[PDB]
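Undergrad: Protein chains in written order, with the authors' numbering: chain f, 559 to 781; chain C, 59 to 108; chain B, 30 to 440; chain A, 21 to 433.
First the structure, then my questions, so here it is.
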Ligand SMILES: Nc1ncnc2c1ncn2[C@@H]1O[C@H](COP(=O)(O)OP(=O)(O)OP(=O)(O)O)[C@@H](O)[C@H]1O
Ligand SMILES: Nc1ncnc2c1ncn2[C@@H]1O[C@H](COP(=O)(O)OP(=O)(O)OP(=O)(O)O)[C@@H](O)[C@H]1O
Ligand SMILES: [Mg+2]
Ligand SMILES: [Mg+2]
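Now the structure itself:
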């Protein structure tokens, strides 16, 4: 369904939702694709009425291991429509998703809801750059911890090389023995070696001139 | 008058200053002349009222 | 090992204010009507999402039987005790407030790894048994001094002080945001900063603007705040002050009006003078005394500087001395410009009338002139403010400072 | 003749000028600040969780054993014993806070190990001795035994080739060669005071001997001696001068003994009374009956004038090492210490810099070395030039030491 959303990216006409969702009227594990082509056409604007239906339908329900992928992907589409009102909703995005999910969540927060910060900005600033090791130095190893170590990986999804080496190398020191090297010894050094990619060429952040997109989005959002 | 007489025949309460609250209907109170205490709240009072 | 105790398992709690400091039209425009309604949209949705969060929870197990009997295993009036020694046969010794010491056991689910003589514990009444251990143990006098709100506007609020704005940024903001420059020369950033000068110049503003735009936490100390009467209560609060700052974030501490905390350390005849003088002599010890400091910055401010203790002025403790002189005929224009931002200004006025003609007056004088001239418009039934308001206002504010200094001897 | 307010004229003001967006923009800001509150009490996620272990190990204990350790287990107290009498217990026992009882031994004791002055577990009902205890160790001297090396080598205390030489004689040399003092017939001094201007290097010499000691070293926090209760600070002195006698040759470092007593006066009938009791208890366990033997005392102060002549007597403080300012050869060595580990030009000279700091300390020299690199970050450089240091001297010294002598200088060239 992702190539469907890429073939219909960036128009708030809401005909594409009438096209796609009535085309794959089906069982709910195929209606996982309902939220894809809905909001892939909804790259960036103020359409807050969509952002409430991006919450209120599949909010929590506690959902004993049936549609937990869909509430992650509904949260995946909360990540965009946030990265270009030019910081007006970015402070509101980090205020909500810091409190609501990683605080009073479950599978939505503690597995997947850090990829917002791996999608919102790639500039780096110590508000969110220090809020992620609040949930990373606390690895919370009881889960399949490569969920939280996936949130380790694209915590370093901020380009423009920085002083962030203090975090990654010191977590790589505790990450050699503990946070076992069978699984993520590729990953921590993937995070280490990506910030200093070259010296230069860090513009991967979908904003040209002042604010226009330049997609861009079709090449990142698959990852 | 009999209802007034029965309620007065009852042991008095203690006064104690709340330092700050714990979670789930618990606070942290030194009374006056003792150590601190973690106690439970009644029905009519709340955590947000503290 | 190499990473012993992994440094106290402790996160940091910064501020929660500055939700959206972008109200930049600064006038009655529809943008600020549009911008604030967007803020209304996100906070109502944050309300309704967490309202749905406590609503649609059909999960009840309530302890899976483990903590529920444990919450009934412990007594309901939970009390507070103090360790003296540790007899590790699951039967230790404690001490109460009066000093009644009891050979209590350890009723379980407590790891014997974070309990030290001095750490306060949780006890029972019927058997006085150790149930839990009390954490964070802060005396509620230092938690009052913990700022949660960014009070005023950013560096663009004050009216031009840029040579000394760049000084304080070199020691507070720049080492925390970008400490890659300092490792290339191995130079540690400066620690202590004195703000001194005549009153009414901008000392209190420069701390509030730093406390607005920051990332670490913030502590304010109002002068005679650490002064008590119990002869040891004075220096004991200073230890807990730097203890809280060290245990939390790599943060800064602002102690204002330190002219009531130091004067040249002389010895004299009064006995209450010494518990004053002793508390102020161990602040010297906690600051730059024995081994280490941590990442704690100290900002201090007075009006007079020559009446201080020379033990505090020396480098190692304070590395920056910053003068705040009375303004000029150039940056004074920026003072009048900012304090006349959102007032209806008639086109008859010239700002350079009162600036050039009189060359003596502080920045706090200029705010009083702008408020007084606005009162003169309502005094004669007006909205706009003309030159005649500022003619009467520049008089009425300045008549609080005496006539002069000597007659025409000099020429 | 100036009055301009009447209730009808109030209604003129708040309708003239933006009647459309005045309240329309205001109550939006008002109820959002109400909504800042109503989010906070709706969260309520304070969560001061402590005391609990990981909930995967205590499951065996809190099944029956915790209920088995409520009623059979005892809430017995510890006490102290005065003495005993023959053929019977007749045990006389105090609490020092409660009363003094005369009680019996229980069945679970051996009647031999009920020696006098012993902490013993005492019943709550009939107050019988059950379990004897190991003796009490003092809890706060354990807090101030340093058990830690601060990393300062003697190669960082440059400019003090002779003050270290005096200090090497007292501390280090009897602990490693206790022969030549006896084999000539002399005794080493046991107390050294350090005095002089601030920022001169008092703490460095104390910090560097904690590195190379191979012995017991005790930092003493000075204001722990001052307490709230009467006589409590004098008891803290005693426990310090008992355990030093147990082990051999432990070092005790006081610091800023100006605070813990400088003068003994009484004219207004009162004042620093409790401070004097702690201070005089320090004296009688320093000299008097029962000399201490191998206990070395180091003190340091900034204001040596205001100290008690009872401490100025040799026999308590024997060597008066003072710190002065380095003349020129000291300072040229100090610049090479504090600027060797920084990116500089490899051709600059330091003797020209030591000229321009005539009356300066080791702290002021290091502040020049840190400030000169800060000028390199004002520009965009990664190495320090000669003019970086020359502007730093004017920034540190000349910005505060002189302002009349530099522009109006023409009396001296
Ligand atoms: N450079 C400036 N630009 C703008 N406003 C200023 C400036 N200097 C002072 N003010 C005004 O002065 C007030 C702040 O007072 P200030 O910070 O000078 O107090 P202070 O220096 O601590 O005085 P004191 O030393 O007497 O306590 C503010 O209300 C502000 O409007
Ligand atoms: N002789 C010296 N050689 C090298 N560095 C010195 C010297 N003297 C002082 N310094 C530097 O000055 C700094 C401060 O010195 P220090 O605080 O030890 O002086 P102090 O005399 O102990 O001060 P106080 O008298 O206030 O206790 C030290 O960190 C040290 O780096
Ligand atoms: Mg002030
Ligand atoms: Mg010192």
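Heads up, the beta-carbon is just placed ideally off N, CA and C, and yes, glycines get one too.
Going along chain B in order, which residues have a C-beta closer than 8 angstroms to the C-beta of residue 78/C?
TA: 169, 172
Undergrad: Assign residue 377/A to buried or exposed, taking buried as 16 or more other Cβ atoms, counted over all protein chains shown, within 10 Å of its Cβ.
TA: buried
Undergrad: Could you tell me the distance, in whole angstroms, from the CA atom of residue 210/B to the CA atom of residue 351/A?
TA: 28 angstroms
Undergrad: How close, in whole Å, do the beta carbons of residue 75/B and residue 762/f come, if the pair is a contact with beta carbons under 8 angstroms?
TA: At roughly 29 angstroms, the Cβ-Cβ gap does not stay under 8 angstroms, so residue 75/B and residue 762/f are not in contact.
Undergrad: Straight-line CA distance for residue 53/A to residue 671/f?
TA: Cα atoms of residue 53/A and residue 671/f: separation of roughly 28 angstroms, rounded to the nearest angstrom.
Undergrad: Any heavy atom of ligand 4 closer than 6 angstroms to the Cβ of residue 232/B?
TA: no
Undergrad: Can you tell me whether residue 252/B sits near ligand 1, meaning its C-beta is under 6 angstroms from at least one heavy atom of the ligand?
TA: With a cutoff of 6 angstroms, residue 252/B does not count as near ligand 1, since its C-beta is closer than that to no heavy atom of the ligand.
Undergrad: Within the 7 angstroms Cβ cut-off, does residue 68/A reach chain C?
TA: yes
Undergrad: Taking only runs that begin and end inside the region 392-427 of chain A, name each unbroken alpha helix (DSSP H) of 4 or more residues, in chain order.
TA: 406-416
Undergrad: Return the chain-ordered ranges of every alpha helix (DSSP H) run that is complete within the region 651-732 of chain f and spans a minimum of 4 residues.
TA: Unbroken alpha helix (DSSP H) stretches of 4 residues or longer found wholly inside the region 651-732 of chain f: 659-662, 667-670, 675-678, 684-689, 704-711, 723-732, given in chain order.
Undergrad: Can you tell which of 163/B, 417/B, 265/B, 82/B has its C-alpha closest to the C-alpha of residue 308/B?
TA: 265/B
Undergrad: Quick one, which of 319/B, 346/B, 337/B has its alpha-carbon nearest residue 326/B's?
TA: 346/B
Undergrad: Could one say the Cβ of residue 124/B lies closer than 7 angstroms to chain C's Cβ atoms, at least one of them?
TA: False, the Cβ-Cβ gap to chain C never drops below 7 angstroms.
Undergrad: Out of 636/f, 656/f, 624/f, 717/f, which one is the CA nearest neighbour of residue 608/f?
TA: 636/f
Undergrad: Chain A beta carbons: is any one of them nearer than 7 angstroms to that of residue 344/B?
TA: yes
Undergrad: When every heavy atom of ligand 1 is checked, does at least one fall within less than 6 angstroms of the C-beta of residue 228/B?
TA: yes
Undergrad: Whether or not the region 75-91 of chain C and the region 66-73 of chain A are in contact is what I'm after, with contact meaning three or more pairs of Cβ atoms, one per stretch, closer than 8 angstroms; do they touch?
TA: yes
Undergrad: List the residues of chain C whose Cβ lies closer than 9 angstroms to the Cβ of residue 14/A, in chain order.
TA: For residue 14/A there is no data in the structure shown, the boundaries of chain A being 21 and 433.
Undergrad: Can you list, in chain order, the residues of its chain whose CB lies under 7 angstroms from that of residue 697/f, leaving out five sequence neighbours each side?
TA: For residue 697/f, where only same-chain residues beyond five positions count, the Cβ hits under 7 angstroms are 703, 706, 737.
Undergrad: By DSSP, does residue 59/B sit in helix, in strand, or in coil?
TA: helix
Undergrad: Report the option in 99/C, 93/C, 102/C whose CA atom is closest to the CA atom of residue 154/B.
TA: Nearest option by C-alpha distance: 93/C.
Undergrad: Taking 6 angstroms as the cut-off, is the CB of residue 222/A close to at least one heavy atom of ligand 2?
TA: yes
Undergrad: Do you know whose CA, among 95/C, 72/C, 79/C, 77/C, lies nearest residue 104/B's CA?
TA: 95/C
Undergrad: Counting only Cβ-Cβ distances shorter than 8 angstroms, please list the residues of the region 96-116 of chain B near chain C, keeping chain order.
TA: 105, 106, 107, 108, 109, 110
Undergrad: Using a cut-off of 9 angstroms between C-beta atoms, extract the partners of residue 102/C located in chain A.
TA: Going along chain A, no residue has its Cβ under 9 angstroms from residue 102/C, so there is no contact; the nearest lies around 17 angstroms.
Undergrad: Go through its chain and collect everything with a Cβ distance to residue 641/f's Cβ below 8 angstroms, but skip five positions before and after it.
TA: 602, 648, 677, 678, 679, 764
Undergrad: Let me confirm a value: residue 47/A is counted as buried when at least 16 other C-beta atoms fall within 10 Å, else exposed. Which label applies?
TA: exposed
Undergrad: Would you say residue 280/B and residue 238/B are within 7 angstroms of each other, going by their C-beta atoms?
TA: In this structure, residue 238/B does not lie closer than 7 angstroms to residue 280/B by Cβ.
Undergrad: May I have a chain-ordered list of the beta strand (DSSP E) segments no shorter than 3 residues that lie completely inside the region 227-282 of chain A?
TA: 236-239, 270-273
Undergrad: Within the present structure, is the beta-carbon of residue 396/B separated from the nearest heavy atom of ligand 1 by less than 6 angstroms?
TA: yes
Undergrad: Pick out whichever of 372/A, 364/A, 374/A, 431/A has its Cα sitting closest to the Cα of residue 403/A.
TA: 364/A
Undergrad: Spatial neighbours of residue 760/f within its chain, please: CB distance less than 7 angstroms, with the 5 preceding and 5 following residues excluded, ordered by chain position.
TA: 717, 718
Undergrad: What does DSSP give as the partner residue(s) for residue 740/f in the beta ladder?
TA: DSSP output for residue 740/f lists no bridge partner at all.
Undergrad: Please state whether the Cβ-Cβ distance between residue 161/B and residue 151/B is less than 7 angstroms.
TA: The answer is yes: Cβ separation under 7 angstroms.
Undergrad: Keeping to the same chain, check which residues put their C-beta closer than 8 angstroms to that of residue 605/f; ignore five residues upstream and five downstream.
TA: Short of 8 angstroms from the beta carbon of residue 605/f, and not among the five residues preceding or following it, lie these beta carbons of its own chain, in chain order: 570, 639.
Undergrad: Leaving out the 5 sequence neighbours to the left and right, which residues in its chain are closer than 7 angstroms to residue 306/B when beta-carbon positions are compared?
TA: 294
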